[PDB]
Amino acid sequence: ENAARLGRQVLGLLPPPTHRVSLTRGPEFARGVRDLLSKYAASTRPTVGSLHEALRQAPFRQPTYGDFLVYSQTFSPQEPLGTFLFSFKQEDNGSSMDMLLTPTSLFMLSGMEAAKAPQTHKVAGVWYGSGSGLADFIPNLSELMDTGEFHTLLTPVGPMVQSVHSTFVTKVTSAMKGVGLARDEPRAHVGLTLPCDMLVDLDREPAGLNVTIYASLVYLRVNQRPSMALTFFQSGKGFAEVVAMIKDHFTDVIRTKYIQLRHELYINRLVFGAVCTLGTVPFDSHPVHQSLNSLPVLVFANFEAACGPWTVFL
Amino acid sequence: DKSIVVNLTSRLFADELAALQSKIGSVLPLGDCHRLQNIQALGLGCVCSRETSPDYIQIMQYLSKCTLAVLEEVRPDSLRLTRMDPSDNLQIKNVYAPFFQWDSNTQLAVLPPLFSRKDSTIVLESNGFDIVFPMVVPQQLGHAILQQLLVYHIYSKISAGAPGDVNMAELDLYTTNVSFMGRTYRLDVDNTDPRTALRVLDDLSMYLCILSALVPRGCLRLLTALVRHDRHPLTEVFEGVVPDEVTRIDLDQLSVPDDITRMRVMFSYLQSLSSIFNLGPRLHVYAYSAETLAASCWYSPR
Amino acid sequence: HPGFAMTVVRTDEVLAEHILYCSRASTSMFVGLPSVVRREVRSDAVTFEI
Amino acid sequence: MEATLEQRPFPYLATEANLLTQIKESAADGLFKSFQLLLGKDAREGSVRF
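Protein chains in written order, with PDB author numbering: chain 5, 6 to 208, 217 to 306, 311 to 331; chain 6, 4 to 305; chain X, 1033 to 1082; chain W, 1 to 50.
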């Protein structure tokens, strides 16, 4: 008998059902619009029962999706669903199509070593031949790594949601705010996926409802030619500690750069890195290790994405 | 609904129930965002102990990790708290002991107990633990204590290394007292562990000598035209005696397209000093009632 | 043999199956009522907590 | 033992007289000891517990 008492507390605490107005039949459009207007008009009056109907509303929010339209020569068809996206907006007068830089694509524009990232160079050697078609569009991968203005051009967006890959032009949909769901009606939690090679995990420590994910884009020079580097971080330590933890990771890079630039050192050379904030992960959700043709790729559940400005650190 | 129930695993007495009764409606940080919680997570003095030296940076550095919660109910077997979601409208009551007047459209931030530990520390001897409370303070004093606490750990290192360097009487009044409008307050910094307060100072010396290497020369030459000609109300630190180093950089001539590349690069290292003067979370108050001392703010951490 | 002997200390666990006896009517229980609290509404599902 | 205020949900009675005159100023400079304001979200009968 006591389960019948719980059948009332469930059916009295549910959200109200969303109204379904049929736009194909005639006399079923009249009966559906009328029950909007006869039911909203009793959610405005100042009596107690009309105030009772205004308290049941459950305002759950929805993410804001972006619609991007990419060349297929700069975006591989083999990309895991949930790959992060960087936009690039150097020039405006064309305004025809857009550049989207996955971290396995930006690994080729940098020219960073395959001993720092061992596994993701082989996968970036089969999805792209020699990094030419990625770099045919930027004539300044040598003058944006000197003057230090590459991080000023990237705006982080969010993970992949939907990609209708064609032969010439790839149409990519992302999720900028909120938890990344597939926009199509069987809504699945497409969480953000990163390779285990890029991500460097920092961690008695307390945990909140939050562990953020940061993006560091570090300038350096290999073979006495400019070549940046990009790593991902993950810690819930607050912004004052992580900047102290990133500089410990790059002690061997700051030393070996300014030795190479000991004699000539221009003022544009001094800028080193920049840290963005990509989004939060709730604690109690551990990432699941996953292999893809083999590439060790983390997958996060319920990664709700945010966006922060690039702040220079050194 | 969101709430936190916290057990008191032994018992508690009638004196410390009246001590926890006066401290109702105060924000404390606690360890984990679980519904069930024990006594070991709620103290800010799990790191701030009595037999050991405190570390007011590391105590504050601990405070931007934790979740923050407001007390509602004090029971002899439990403490029921309500938590704070990272983007949430909520209410905070001005209980806190150095009374600073708030208003609507102010800017709060949570600080460690920096004027009286003995006021914030009430000890729970029935369980073998003490629960320690922070203080929420508008950011005009949130920053100004961290400006003052780092000046202490510069000059206390000089005086402890050699006492002939620093006169002690001028050391106590200047490095400990925090200047505020109307009142000057004495910090509770006498026996601390400065070993993480120097790593912050070892991060200034990277940003600061970069800022000394690329000073734009037009701003240097405007000082020499201002410290000895005009008497401006905020240059009066600099008397007619200009620093001699400023005049020794005047030997080169002005150049506009070589000071654009110095104004721009110096601009992006000023944006980096918001990683070294950080407070904890922020509480944007949008309404306040002075006869009830009840602010209604918006919580946003980091 | 170096010039000192030594003693060793270990610890060892045992999965002991126990026997509990508990006399008549000692404890007295107070059973409340189950109360349902809705705490999350998503686009995918609704959770509860009893 | 001093007599103390309590906010328990009493069945308050109704008087012919009004009480409202000069109260806002009398709360400021104390006409009477041991009072407590209640603004909007907290001006109600508290929940009974025992």
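Idealized CB from N, CA, C, for every residue including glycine.
Contact check, residue i vs residue j, beta carbons under 7 Å
i              : j              : result
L71 (chain 6)  : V9 (chain 6)   : no
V314 (chain 5) : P200 (chain 5) : yes
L74 (chain 6)  : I27 (chain 6)  : yes
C36 (chain 6)  : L222 (chain 5) : yes
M181 (chain 5) : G71 (chain 5)  : yes
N281 (chain 5) : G136 (chain 5) : no
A140 (chain 5) : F112 (chain 5) : no
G183 (chain 5) : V224 (chain 5) : no
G46 (chain 6)  : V139 (chain 6) : no
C69 (chain 6)  : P116 (chain 6) : no
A242 (chain 5) : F296 (chain 5) : no
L158 (chain 5) : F93 (chain 5)  : yes
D206 (chain 5) : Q247 (chain 5) : yes
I252 (chain 6) : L223 (chain 6) : yes
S311 (chain 5) : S115 (chain 5) : no
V256 (chain 5) : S278 (chain 6) : yes
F245 (chain 5) : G286 (chain 5) : no
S298 (chain 5) : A318 (chain 5) : yes
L19 (chain W)  : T295 (chain 6) : no
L105 (chain 5) : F73 (chain 5)  : yes
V249 (chain 6) : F241 (chain 6) : no
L23 (chain 6)  : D80 (chain 6)  : no
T178 (chain 6) : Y155 (chain 6) : yes
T175 (chain 5) : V301 (chain 5) : no
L197 (chain 5) : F34 (chain 5)  : no
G185 (chain 5) : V169 (chain 5) : no
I7 (chain 6)   : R78 (chain 6)  : no
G37 (chain 5)  : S48 (chain 5)  : no
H24 (chain 5)  : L41 (chain 5)  : yes
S47 (chain W)  : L5 (chain W)   : no
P20 (chain 5)  : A63 (chain 5)  : yes
Rounded Cβ spacing between residue i and residue j (contact assumed at less than 8 Å)
i              : j              : result
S81 (chain 5)  : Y45 (chain 5)  : At roughly 49 Å, the Cβ-Cβ gap does not stay under 8 Å, so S81 (chain 5) and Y45 (chain 5) are not in contact.
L257 (chain 6) : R220 (chain 6) : 6 Å
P304 (chain 6) : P137 (chain 6) : Contact flag wrong, Cβ pair sits at about 14 Å.
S229 (chain 5) : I259 (chain 5) : 6 Å
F173 (chain 5) : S77 (chain 5)  : 6 Å
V181 (chain 6) : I157 (chain 6) : Actually they do not touch by this definition, with Cβ atoms about 16 Å apart.
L278 (chain 5) : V268 (chain 6) : That pair is no contact at about 12 Å.
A112 (chain 6) : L217 (chain 6) : The Cβ separation is near 31 Å, so there is no contact.
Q40 (chain 6)  : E254 (chain 5) : At roughly 24 Å, the Cβ-Cβ gap does not stay under 8 Å, so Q40 (chain 6) and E254 (chain 5) are not in contact.
Q: Answer yes if the stretch 186 to 193 of chain 5 comes into contact with the stretch 104 to 123 of chain 5, meaning at least three C-beta pairs across the two stretches below 8 Å, and no otherwise.
A: Short answer: they don't touch.
Q | Cβ contact (3+ pairs, closer than 8 Å) linking the stretch 1062 to 1079 of chain X and the stretch 282 to 294 of chain 5 | A | Not touching, per the Cβ criterion.
(Q) Taking contact to mean 3 or more Cβ pairs, one atom from each stretch, closer than 8 Å, check whether the stretch 1036 to 1055 of chain X and the stretch 275 to 290 of chain 6 are in contact. (A) Segments in contact, no.
Q.
At a CB distance below 7 Å, what residues from the stretch 24 to 44 of chain W approach chain 6? Give them in sequence order.
A. Answer set for the stretch 24 to 44 of chain W: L37 and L39.
(Q) Three Cβ pairs or more, each shorter than 8 Å: is that satisfied between the stretch 106 to 113 of chain 6 and the stretch 1041 to 1060 of chain X? (A) The stretch 106 to 113 of chain 6 vs the stretch 1041 to 1060 of chain X: no contact.
Q) Which runs of the alpha helix (DSSP H) spanning at least 4 residues fall entirely within the stretch 47 to 102 of chain 6, listed in chain order? A) The qualifying runs are 59 to 66.
**Q.** Interface positions of the stretch 284 to 297 of chain 6 facing chain W (Cβ-Cβ less than 9 Å), listed along the chain
**A.** Cβ contacts with chain W come from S292, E294, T295 and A297.
Q. Does the count of Cβ pairs from the stretch 12 to 27 of chain 6 and the stretch 127 to 143 of chain 6 closer than 8 Å reach three?
A. With the cut-off at 8 Å, the stretch 12 to 27 of chain 6 and the stretch 127 to 143 of chain 6 touch.
Q: Could you list the residues in the stretch 259 to 293 of chain 5 with a C-beta less than 7 Å from some C-beta on chain 6, going in chain order?
A: Listed by position along the chain: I280, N281, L283 and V284.
Q: Determine, using beta-carbon pairs with one atom in the stretch 88 to 103 of chain 5 and one in the stretch 154 to 168 of chain 5, whether at least three such pairs fall under 8 Å.
A: Flag = yes, the stretch 88 to 103 of chain 5 and the stretch 154 to 168 of chain 5 touch.
Q) Which runs of the alpha helix (DSSP H) fall wholly inside the stretch 220 to 249 of chain 6 and span at least 4 residues, in chain order? A) Runs of the alpha helix (DSSP H) inside the stretch 220 to 249 of chain 6: 220 to 227.
Q) At a cut of 8 Å, does the stretch 77 to 94 of chain 6 reach the stretch 157 to 175 of chain 6 through at least three beta carbon pairs? A) Counting Cβ pairs under 8 Å, fewer than three are found: no touch.
Q. If you scan the stretch 95 to 147 of chain 6 from start to end, which runs of the alpha helix (DSSP H) of 4 or more residues do you find wholly inside it?
A. As far as the stretch 95 to 147 of chain 6 is concerned, its whole alpha helix (DSSP H) runs of at least 4 residues are 120 to 123.
Q. Counting Cβ pairs closer than 8 Å, one from the stretch 50 to 67 of chain 6 and one from the stretch 192 to 203 of chain 6, do we hit at least three?
A. Touching, yes.
Q | Three CB pairs or more closer than 8 Å across the stretch 181 to 189 of chain 6 and the stretch 221 to 237 of chain 6 | A | The stretch 181 to 189 of chain 6, when compared against the stretch 221 to 237 of chain 6, does not touch it at the 8 Å Cβ threshold.
Q.
Taking 8 Å as the cut-off, does the stretch 258 to 269 of chain 6 touch the stretch 202 to 211 of chain 6 (at least 3 CB pairs, one atom from each stretch)?
A. They do not touch, by the three-pair rule.
Q. Relative to chain 5, which residues along the stretch 1045 to 1070 of chain X have a C-beta separation below 9 Å, given in chain order?
A. Residues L1065, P1066, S1067, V1068, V1069 and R1070.
Q: Entirely within the stretch 17 to 100 of chain 5 and at least 3 residues each: give me those beta strand (DSSP E) ranges in chain order.
A: Counting only runs of 3 or more, we get 70 to 76 and 89 to 93.
**Q.** Interface residues of the stretch 255 to 267 of chain 6 facing chain 5 [CB-CB below 7 Å]
**A.** Taking 7 Å as the Cβ-Cβ cut-off, the stretch 255 to 267 of chain 6 approaches chain 5 at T264 and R265, given in chain order.
Q: Return the residues of the stretch 84 to 103 of chain 6 that lie within a Cβ-Cβ distance of less than 9 Å from chain 5, sorted by chain order.
A: Along the stretch 84 to 103 of chain 6, the positions whose C-beta sits under 9 Å from a C-beta of chain 5 are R86, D88 and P89, read in chain order.
Q. For the stretch 11 to 34 of chain 5, which residues have a beta carbon sitting closer than 8 Å to at least one beta carbon of chain X?
A. With the criterion set as a beta carbon lying under 8 Å from some beta carbon of chain X, the members of the stretch 11 to 34 of chain 5 are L11, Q14, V15, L18, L19 and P20, in sequence order.
Q) Which full runs of the alpha helix (DSSP H) of 4+ residues lie inside the stretch 128 to 184 of chain 5, going along the chain? A) Those alpha helix (DSSP H) runs which fall completely within the stretch 128 to 184 of chain 5 and span 4+ residues are 137 to 140.
Q: Using a Cβ-Cβ cut-off of less than 8 Å, give me the residues of the stretch 119 to 135 of chain 5 that come near chain 6, in sequence order.
A: Interface annotation for the stretch 119 to 135 of chain 5 against chain 6: empty, criterion Cβ-Cβ distance under 8 Å.
Q | Against chain X: residues of the stretch 62 to 83 of chain 5 by CB proximity under 8 Å | A | Against chain X - using a Cβ distance shorter than 8 Å - the residues of the stretch 62 to 83 of chain 5 are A63, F65 and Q67.
Q. Can you list, in chain order, the stretches of the beta strand (DSSP E) that have 3 or more residues and sit fully within the stretch 226 to 259 of chain 5?
A. The DSSP assignment places 242 to 248 as complete runs of the beta strand (DSSP E) inside the stretch 226 to 259 of chain 5, in order along the chain (cut-off: 3 residues).
**Q.** Ranges of the alpha helix (DSSP H) found wholly within the stretch 170 to 220 of chain 6, counting only runs of at least 4
**A.** As far as the stretch 170 to 220 of chain 6 is concerned, its whole alpha helix (DSSP H) runs of at least 4 residues are 171 to 178 and 200 to 216.
Q) Name the residues in the stretch 150 to 182 of chain 5 whose C-beta lies less than 7 Å from a C-beta of chain 6; which are they? A) Closer than 7 Å at the C-beta level to chain 6, one finds no residue of the stretch 150 to 182 of chain 5.
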